[PDB]
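Undergrad: Provided herewith is a single structure, encoded as structure tokens, for subsequent inquiry.
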Amino acid sequence: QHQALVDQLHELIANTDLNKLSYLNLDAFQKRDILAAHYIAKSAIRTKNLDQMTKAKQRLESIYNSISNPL
């Protein structure tokens, strides 16, 4: 379970690289939300904090889905 979650997070972090999302014209608040979630995700992974890894996964999945789909 731990490794599965780390893999899911790493995939989501890769899929929310800001430079690769230029074409979506994200607002500054959205970019900040992504940067913050990346930092939380990385920090949660390094410390094996499963609750925070879970939080970050749901957050990044939510962001990726929303910015990729109609308002």
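Each chain in the structure tokens gets a letter, A, B and so on, in the order shown; residues start at 1 in every chain, and ligands are counted from 1 in the order they appear.
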Considering only C-alpha atoms, return as a PyMOL selection string whatever protein or nucleic-acid residues lie within 10 Å of residue 63 in chain A, sequence-local ones (same chain, fewer than 6 positions apart) excluded.

TA: chain A and resi 12+16+30+33-34+37+57

Undergrad: Those same residues - N, CA, C and O atoms - I'd like them written as a JSON list (two decimals), in the first residue's frame.

TA:
```json
[["chain", "number", "residue", "atom", "x", "y", "z"],
["A", 12, "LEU", "N", 1.30, 11.90, -10.15],
["A", 12, "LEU", "CA", 0.53, 13.14, -10.09],
["A", 12, "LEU", "C", 1.45, 14.37, -10.07],
["A", 12, "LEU", "O", 1.12, 15.39, -10.66],
["A", 16, "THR", "N", 1.61, 17.38, -13.00],
["A", 16, "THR", "CA", 1.28, 18.75, -12.61],
["A", 16, "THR", "C", 2.51, 19.65, -12.55],
["A", 16, "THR", "O", 2.58, 20.60, -11.77],
["A", 30, "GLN", "N", -3.81, 28.99, -8.50],
["A", 30, "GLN", "CA", -3.78, 27.59, -8.87],
["A", 30, "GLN", "C", -2.35, 27.10, -8.93],
["A", 30, "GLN", "O", -2.03, 25.98, -8.52],
["A", 33, "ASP", "N", -1.20, 26.66, -5.43],
["A", 33, "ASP", "CA", -1.77, 25.45, -4.86],
["A", 33, "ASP", "C", -1.00, 24.21, -5.30],
["A", 33, "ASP", "O", -0.82, 23.25, -4.56],
["A", 34, "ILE", "N", -0.61, 24.19, -6.57],
["A", 34, "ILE", "CA", 0.17, 23.06, -7.09],
["A", 34, "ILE", "C", 1.55, 23.00, -6.45],
["A", 34, "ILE", "O", 2.00, 21.94, -6.03],
["A", 37, "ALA", "N", 1.16, 21.74, -2.92],
["A", 37, "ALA", "CA", 0.88, 20.31, -2.87],
["A", 37, "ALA", "C", 2.10, 19.47, -3.25],
["A", 37, "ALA", "O", 2.29, 18.40, -2.70],
["A", 57, "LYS", "N", -2.31, 13.11, -2.23],
["A", 57, "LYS", "CA", -2.81, 12.39, -3.39],
["A", 57, "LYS", "C", -4.20, 12.87, -3.78],
["A", 57, "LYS", "O", -4.46, 13.16, -4.94]]
```

Undergrad: Residues at most 12 Å from range 60-62 of chain A, counting only C-alpha atoms, excluding those fewer than 2 positions away in the same chain, as a ChimeraX atom specification?

TA: /A:8-17,30-31,33-41,53-58,64-69

Undergrad: Please determine, counting only C-alpha atoms, which residue among A:59, A:51, A:28, A:45 has the shortest atom-to-atom distance to residue 3 in chain A.

TA: A:45

Undergrad: Run DSSP on the backbone and give me the residues of chain A it puts in helix (DSSP H, G or I), as a ChimeraX atom specification.

TA: /A:2-15,18-24,28-46,50-68
